[PDB]
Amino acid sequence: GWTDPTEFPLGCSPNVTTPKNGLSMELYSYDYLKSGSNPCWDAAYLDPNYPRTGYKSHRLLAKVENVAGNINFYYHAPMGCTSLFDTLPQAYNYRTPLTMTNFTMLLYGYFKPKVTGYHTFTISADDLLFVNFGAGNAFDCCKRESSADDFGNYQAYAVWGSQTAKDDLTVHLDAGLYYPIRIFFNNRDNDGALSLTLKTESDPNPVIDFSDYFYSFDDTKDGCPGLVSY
């Protein structure tokens, strides 16, 4: 299947004149239910289609470009079932306070490896992190806008409180190619947390700063299929 997740994901070969650093981000509201409710949080985030089209029924907070660096955070909420304003880490390029206790966040763009070989991406989240990776699975090469909602089965997924609250994906990548990536996050209530790390054989320690790895590219009419193949 075109959008199915694989160990040998498809990469892309855009024209790399003045390449845009970082991923794109969209932030959406995630309102609580009526004050005093039990459960207090909106349960929409667990709906299979919330990450596909459901979030679009919420309020658009911002579109942001150039998301790059260490995107990991643990936000400790002072009180539960309470909307509280605070700030994202510097990497998100978004300085104004938002409801860190309850929000939806979409990131997309391309991952560029440094060293050809196996890559293990490990994720954890509070509440939810769904990752697509590779052309088709995330979106089509330089045809993101037209394929944005057609992402396939997740490469990795983590849901707080579920039987899979931490996950990983192992993929063989070529350093010459750029791999479509989609990261969907939700905090329903209280603490919020996102951890993405990368392990390869070239470094005994994990990579947590993705400054040099995340890119954005304009769509083109014909697309930009990968020009390295084995």
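One-based numbering along the sequence shown. Whichever C-alpha set is largest while still superposing within 1.5 Å between the two forms counts as the rigid core.
K.L.:
Aligning on the core, I want to see which stretch wanders more in 4 other deposited structures of this protein. Is it 36 to 44 or 172 to 180 by C-alpha RMS?
P.N.:
After the core superposition, the stretch with higher RMS deviation in 4 other deposited structures of this protein is 36 to 44.
K.L.:
Do you reckon 161 to 169 or 188 to 196 strays further from the shown form in 4 other deposited structures of this protein, measuring C-alpha RMS after a core fit?
P.N.:
Of the two stretches, the larger average C-alpha offset in 4 other deposited structures of this protein falls on 161 to 169.
K.L.:
May I ask you to compare 210 to 218 and 17 to 25 by their mean CA B factor in the entry and name the higher one?
P.N.:
Taking the mean C-alpha B-factor of 210 to 218 and of 17 to 25, the larger value falls to 17 to 25.
K.L.:
Per the PDB record, is the mean Cα temperature factor higher over 174 to 182 or over 195 to 203?
P.N.:
Result of the comparison: 195 to 203.
K.L.:
For the listed residues 138, 159, 77, 156, which one has the largest C-alpha B-factor as given in the deposited model?
P.N.:
By C-alpha B-factor in the record, 77 ranks first.
K.L.:
For the CA B factor values reported in this entry, which option in 35, 187, 49, 57 has the top one?
P.N.:
Going by the entry's C-alpha B-factors, 35 comes out highest.
K.L.:
Quick check on the deposited entry: does the C-alpha B-factor of residue 117 sit in the lowest, middle or highest third of its chain?
P.N.:
It falls in the top third of the chain.
K.L.:
Splitting the chain's C-alpha B-factors into thirds, which one does residue 62 fall into?
P.N.:
For residue 62, the deposited C-alpha B-factor lands in the lowest third.
K.L.:
Is residue 72 in the lowest, middle or highest third of its chain when residues are ranked by C-alpha B-factor?
P.N.:
For residue 72, whose C-alpha B-factor we compare with every modelled residue in the chain, the answer is the middle third.
K.L.:
Can you tell me whether residue 102 has a C-alpha B-factor in the lowest, middle or highest third compared with the other modelled residues of the same chain?
P.N.:
Lowest third - that is where residue 102 ends up once the chain's C-alpha B-factors are sorted.
K.L.:
Comparing against every modelled residue in the chain, figure out the third that the C-alpha B-factor of residue 127 lands in (lowest, middle or highest).
P.N.:
Ranked within chain, residue 127 CA B lands in the lowest tercile.
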